[PDB]
Amino acid sequence: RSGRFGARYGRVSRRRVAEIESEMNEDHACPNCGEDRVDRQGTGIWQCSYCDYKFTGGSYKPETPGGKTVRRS
Amino acid sequence: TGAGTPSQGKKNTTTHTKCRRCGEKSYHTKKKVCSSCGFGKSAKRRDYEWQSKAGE
Amino acid sequence: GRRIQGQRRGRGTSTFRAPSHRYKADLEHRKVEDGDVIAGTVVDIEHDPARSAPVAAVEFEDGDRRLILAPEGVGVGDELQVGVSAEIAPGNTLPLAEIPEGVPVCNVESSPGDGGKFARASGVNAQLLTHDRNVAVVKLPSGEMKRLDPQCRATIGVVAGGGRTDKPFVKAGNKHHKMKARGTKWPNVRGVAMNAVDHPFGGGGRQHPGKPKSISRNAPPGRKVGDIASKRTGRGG
RNA sequence: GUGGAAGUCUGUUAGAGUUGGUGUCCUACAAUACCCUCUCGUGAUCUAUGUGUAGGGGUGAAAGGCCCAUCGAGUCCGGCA
RNA sequence: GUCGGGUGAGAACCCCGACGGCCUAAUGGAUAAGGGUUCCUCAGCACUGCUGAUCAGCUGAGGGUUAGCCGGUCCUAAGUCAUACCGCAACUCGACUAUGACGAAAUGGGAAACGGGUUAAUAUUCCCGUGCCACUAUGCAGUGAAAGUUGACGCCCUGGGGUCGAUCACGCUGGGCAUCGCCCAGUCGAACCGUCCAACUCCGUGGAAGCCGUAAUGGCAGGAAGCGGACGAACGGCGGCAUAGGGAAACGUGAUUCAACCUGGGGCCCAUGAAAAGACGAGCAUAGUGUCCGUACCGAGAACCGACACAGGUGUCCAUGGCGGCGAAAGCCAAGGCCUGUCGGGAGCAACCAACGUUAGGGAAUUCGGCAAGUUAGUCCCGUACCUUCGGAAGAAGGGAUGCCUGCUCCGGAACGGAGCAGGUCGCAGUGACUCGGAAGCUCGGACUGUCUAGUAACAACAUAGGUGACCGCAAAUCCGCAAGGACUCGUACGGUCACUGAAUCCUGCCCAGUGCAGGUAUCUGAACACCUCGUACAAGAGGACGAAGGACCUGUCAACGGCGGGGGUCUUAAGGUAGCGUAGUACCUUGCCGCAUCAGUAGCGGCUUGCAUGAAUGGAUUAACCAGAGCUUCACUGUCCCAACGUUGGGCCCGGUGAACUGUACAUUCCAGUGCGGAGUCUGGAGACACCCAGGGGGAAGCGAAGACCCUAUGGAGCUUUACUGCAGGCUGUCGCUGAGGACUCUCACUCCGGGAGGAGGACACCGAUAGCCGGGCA
RNA sequence: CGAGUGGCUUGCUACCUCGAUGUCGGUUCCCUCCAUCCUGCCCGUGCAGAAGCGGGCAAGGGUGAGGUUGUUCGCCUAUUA
RNA sequence: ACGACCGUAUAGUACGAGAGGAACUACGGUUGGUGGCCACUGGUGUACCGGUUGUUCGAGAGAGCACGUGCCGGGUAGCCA
Ligand SMILES: [Cl-]
Ligand SMILES: [Cl-]
Ligand SMILES: [Cl-]
Ligand SMILES: [K+]
Ligand SMILES: [Mg+2]
Ligand SMILES: [Mg+2]
Ligand SMILES: [Mg+2]
Ligand SMILES: [Mg+2]
Ligand SMILES: [Mg+2]
Ligand SMILES: [Mg+2]
Ligand SMILES: [Mg+2]
Ligand SMILES: [Mg+2]
Ligand SMILES: [Mg+2]
Ligand SMILES: [Mg+2]
Ligand SMILES: [Mg+2]
Ligand SMILES: [Mg+2]
Ligand SMILES: [Mg+2]
Ligand SMILES: [Mg+2]
Ligand SMILES: [Mg+2]
Ligand SMILES: [Mg+2]
Ligand SMILES: [Mg+2]
Ligand SMILES: [Mg+2]
Ligand SMILES: [Mg+2]
Ligand SMILES: [Mg+2]
Ligand SMILES: [Mg+2]
Ligand SMILES: [Mg+2]
Ligand SMILES: [Mg+2]
Ligand SMILES: [Mg+2]
Ligand SMILES: [Mg+2]
Ligand SMILES: [Mg+2]
Ligand SMILES: [Mg+2]
Ligand SMILES: [Mg+2]
Ligand SMILES: [Mg+2]
Ligand SMILES: [Mg+2]
Ligand SMILES: [Mg+2]
Ligand SMILES: [Mg+2]
Ligand SMILES: [Mg+2]
Ligand SMILES: [Mg+2]
Ligand SMILES: [Mg+2]
Ligand SMILES: [Mg+2]
Ligand SMILES: [Mg+2]
Ligand SMILES: [Mg+2]
Ligand SMILES: [Mg+2]
Ligand SMILES: [Mg+2]
Ligand SMILES: [Mg+2]
Ligand SMILES: [Mg+2]
Ligand SMILES: [Mg+2]
Ligand SMILES: [Mg+2]
Ligand SMILES: [Mg+2]
Ligand SMILES: [Mg+2]
Ligand code: NA
Ligand code: NA
Ligand code: NA
Ligand code: NA
Ligand code: NA
Ligand code: NA
Ligand code: NA
Ligand code: NA
Ligand code: NA
Ligand code: NA
Ligand code: NA
Ligand code: NA
Ligand code: NA
Ligand code: NA
Ligand code: NA
Ligand code: NA
Ligand code: NA
Ligand code: NA
Ligand code: NA
Ligand code: NA
């Protein structure tokens, strides 16, 4: 997490970096299969180590509140 | 760094060279333009009235 | 005095240009004779250096291979379609007329066939509200209600990469790296920190603007600085 | 325990910089030098070569700094006795 | 450097030998740029060389650079040019769009060369031997042939394969040493041809429900391990090359750690890390062809730039020579280079000066200030406060240990790797030199890393993330251009432009009167054209009607410019200073008052505080971490001081040689007084005064150096400012032309934009040309 | 209230220097003045003594060390004839 | 080229109700200044002797370098306070 930042930058900045990256690094459920093997490959790029499925998602989350709405309507 | 003597050491770049058209060492090999005769810029020869006194 | 920075910009010198030669593709909707039969398969997902957002590589039936402005939720293997009869699923592109009202859309054309102009940045989207035989009313990400020819093509879904703005840059160096990929001069020296000769706010024994910051719309370049034709300022009220 | 992040630390590694000595020098080795001390040294890093921007114009993390020992408007010749 | 010697008319510095030294990322080896013959030989010394010279980068004359397989050449990069088109009064000018070309010699991509030998000077070029590539021709094979692969790629961490080197063991060859038995060198052998293949990927078998595997992550019934197989690496192994070559000889074998080279795994991105030619895909024999340009040398304390043989400046590769140790560190030493960072000789060599060592007792008393110097120091163990954003503070502080010798234990496959144990033992001192932090506290500022006044300022200034406001739906906002056109933009509000503030934390009050911006506007004001009236056989001209933007007027707006008092228990002019902070880097009075601390404290810190003249993004308060930033206190330390001494090295002094400059109206041995335009070696009166020369520290010559920067003056200059004067761009708005049909409206045909086209949108508007009004330090 | 002396302060003047007479404070090193702080020799005393106060002659010698402040000045401390 | 102070005897005396408390003179010492000197103490002493770290000369012996002594310990003459 933000431990790499030492005593620099202040609370807010590193609290949010840790929070965002924490969720970014969590196991993610692949949309193709259902396995929890989705990792970020870069900005907005996600991929399943299991089946190889490579797809677009949020910048730090594979799914965003807006993307979820699309499915519905 | 001193702008004088110490800055004179990096000057090993070739720019003005012997010109094919006029023979002067004014053909800028980077610009491919002679600063003396205009070769590379003008078919006509470079020349100006201010190169001599006004009434001469 | 001297020309102000905003004036140096227009000359288009290296310092102010975008590193175009380093960009990948000019994202635009494909041209279809008609019929809509045009479909392709997503072959890969790449990073777009000009938008800090993902983009999708697609192989179309008629052999054409082009990068596409990727909405969220598109992956390798998916089949996208472009045309009047395109199915109504994310990643497909069709005229606002064939799109069901109430659906989120991106890369909307301003004029039919221009290839897409609105809602293209990370995570944004337009909202098709009203239909008609003459006008298609769309709500852009800025919140504005835009009247568009229903013939204007668009892509179903919200643009990929949403949430990019949620993370702080934290350090100067990170901004630096991003700025290097844009047509922008950075960092930014405050006008009030300059000399009178260099900026209308320059000069003085201490730092403060000389006059009020709200400048008229009619001000000439070199003088139009600060709060341009501000209808109001501050937060109060 | 593993792992090995960082505009992270120490560091005359290379390399970059230039705080104090208001030392030596000050018809100099030098029209900006010498020595000791000192700062940075995985990054907004340093650097070679190529390349672009030109004078009321550039360039400027802004000191009116820099644009060939020339800058609150370069240099050359001319206007000009 | 010294002693001998060589050559020569002449020798401190030209050459030989010995002895003694210097350089170790360089003072060695290879090179880029740049220089341009400086390279080699012979002959010379008038020039150049910090002295001399027989020497030379000097002078003169000759000579010297050899390529199918090293570079160029070819490709394309940022980008540049040419032609066409268009603009411009015009062009040697100018943006776009086409086309074409140019654009990389160390250091992008790339068909092919190795070994030995040779010259005074070249050398993957010549010679000998061997190998290889491309094209073409002939012949056999082949119908395949263009899909694909390659060229071709970021940053961080890491495994495996593996050569050189280095080291260890043992043997052989040669050398050194001479109480031992040690120590040094060598022990060789290419391109290329052939062959082998780890890793990755995949196939078959197998059938794991918990196993498989890693340095780490990881893998699997969507099929784990095991087993078998396909594809598949090195500049690597192996065989050939090679009764080639090289060596006086021997002409080794194993090992460890392993640069190069090869091949994998992991991690990061609001950052995504070239392109093209070319190669592969796509066989073999024989033969022919392979032109053109470069090639010497230096590459620097003498061959480059800096006027110089200049202590400056100047890119790449050798980063694996030994000991040492964490080390590409120090110190010492090889290989290789040098004694040319090129003037010498003499004096115990004084004064004085530059660098520097050591100084008893005291220990910052020195000083603006601890400036300068000193102290500490490596590693291991123990132990570690306030505060804190929980990361840090921290190597806090403080305490202990540290060598050698003998025999061992543990980790590991092992190291010539690491961690320990027992015993013995020497010194004042065991990180024994070298290398190598002094520590603690209070306050101020800026959050932090970063930036800056090349050449007196490195800071608190700039930047920054973060906070905020403004403009804009893209035929946009902003900006460049005279125009043709252009940047932003391969971009599209999670954007990007224009500004302010400047991490975090707690917060950010009141004021819209003035000024600015913006919206509205009955009425008022408001230009020109057209229109109406008067005037003129026409015209000038006077007047009217209509009225755009703008203004009056109204409203919104301060994280817009800015403001937040006097008086009384409201007045100017809108409000009348809230949280906070406060004698401040802001406090005149001022060394404010009280306290801390000291013998004594205009300092510093804390409290008070009526604040000459604090205060909220002109940001207020506060703040961990950071700092060559400003002030203060303590311990430690010490020649900063009391108060100076002695010593070391280079000068200074004498001698040989070389050999300037500054400065000079004249005269001049002055001193004390006086006088004088009031600051005299020179006038006046006295006094003193034999001449010349050496060394010294600088009292005077208002010493030398510079037509004073301060100040004023000039109907001098320049940069900058603005509600100075006058104008000029630019923006807004009316009108006319382009411009057409039927105070509000439709249409389509010009014109504009979107579309490949069909066609769609818009439309007499817009654009453009002309003009009128308003704004207009953006500019003159 | 009246008369003066000095040329250390301050003010005035604008004589001298604007083709430059280098600033304040400090320091170091030399000479001097007396309107004498100490020391010598004296006079008066509201001089018992001791300790003082005031005055005269007198410039031989001495007049030191520190804390705040750039300070001169001045405030403060302990020594001192 | 000497200035000045403290102490002892004078004396617990003269003076004085007491408290307190002198002097002449003779002595001893200190301080500041001055000139010279080195037996004594102290400093230096890169003369010298020893110890010892790293490295090189194979070890030993004996040596070079480590800034003009590698460092540490002792230190004669001389010069000095
Ligand atoms: Cl951004
Ligand atoms: Cl070459
Ligand atoms: Cl691995
Ligand atoms: K003057
Ligand atoms: Mg310059
Ligand atoms: Mg594009
Ligand atoms: Mg840029
Ligand atoms: Mg800024
Ligand atoms: Mg400034
Ligand atoms: Mg201005
Ligand atoms: Mg400010
Ligand atoms: Mg401000
Ligand atoms: Mg760092
Ligand atoms: Mg460092
Ligand atoms: Mg460059
Ligand atoms: Mg300034
Ligand atoms: Mg020669
Ligand atoms: Mg000769
Ligand atoms: Mg080319
Ligand atoms: Mg190349
Ligand atoms: Mg040669
Ligand atoms: Mg050569
Ligand atoms: Mg030389
Ligand atoms: Mg001492
Ligand atoms: Mg003091
Ligand atoms: Mg003092
Ligand atoms: Mg210091
Ligand atoms: Mg073991
Ligand atoms: Mg030590
Ligand atoms: Mg203060
Ligand atoms: Mg800072
Ligand atoms: Mg400077
Ligand atoms: Mg600094
Ligand atoms: Mg400086
Ligand atoms: Mg700042
Ligand atoms: Mg900001
Ligand atoms: Mg932001
Ligand atoms: Mg912002
Ligand atoms: Mg106070
Ligand atoms: Mg406010
Ligand atoms: Mg006379
Ligand atoms: Mg003058
Ligand atoms: Mg002035
Ligand atoms: Mg002027
Ligand atoms: Mg168009
Ligand atoms: Mg002006
Ligand atoms: Mg003078
Ligand atoms: Mg008298
Ligand atoms: Mg006297
Ligand atoms: Mg020595
Ligand atoms: Na200003
Ligand atoms: Na852990
Ligand atoms: Na320096
Ligand atoms: Na100019
Ligand atoms: Na002239
Ligand atoms: Na010589
Ligand atoms: Na091989
Ligand atoms: Na080593
Ligand atoms: Na740093
Ligand atoms: Na107002
Ligand atoms: Na207002
Ligand atoms: Na205020
Ligand atoms: Na810094
Ligand atoms: Na000393
Ligand atoms: Na003198
Ligand atoms: Na000026
Ligand atoms: Na004068
Ligand atoms: Na002075
Ligand atoms: Na006296
Ligand atoms: Na004082």
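Residue numbers start from 1 in every chain, and the chains themselves are labelled A, B, ... in the order their sequence lines are given, proteins ahead of strands. Excluded from the calculations below are hydrogen atoms, water molecules and symmetry mates; all remaining heavy atoms, backbone and side chain alike, are included.
Base orientation for E:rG432: syn, the chi torsion being within 90° of 0. Look at E:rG144: its glycosidic torsion is within 90° of 0, and that puts it in the syn range.
Not one side-chain nitrogen or oxygen of C:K231 sits closer than 4.0 Å to the OP1 or OP2 atom of E:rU557. When the side-chain nitrogen and oxygen atoms of B:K11 are compared with OP1 and OP2 of E:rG34, none of them lie within a distance under 4.0 Å. Residue C:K185 places at least one side-chain N or O under 4.0 Å from the OP1 or OP2 atom of D:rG60.
Atom NZ of B:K30 is separated from atom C1' of D:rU53 by 17 Å (rounded to the nearest Å). In this structure, CG of C:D149 is placed 12 Å from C1' of E:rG759, rounded to the nearest angstrom. In this structure, the CG atom of B:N12 is 11 Å from the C1' atom of E:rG35, given to the nearest Å. Remark: P of E:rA493 and CG of C:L69 are 10 Å apart, rounded to the nearest angstrom.
Here C:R8 is a major-groove residue, having a side-chain heavy atom within less than 5.0 Å of a major-groove base atom and none near the other groove.
Note on C:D44 versus A:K54: salt bridge recorded, some NZ/NE/NH1/NH2 to OD/OE distance being below 4.0 Å. Under the 4.0 Å criterion applied to side-chain N and carboxylate O atoms, C:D48 and C:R120 are not assigned as salt-bridge partners.
By the Watson-Crick or G-U wobble test, with both distances required under 3.5 Å, E:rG674 and E:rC132 do not count as a base pair.
Using a 4.0 Å heavy-atom cutoff across all strands shown, C:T13 reaches sugar-phosphate atoms only and no base atom.
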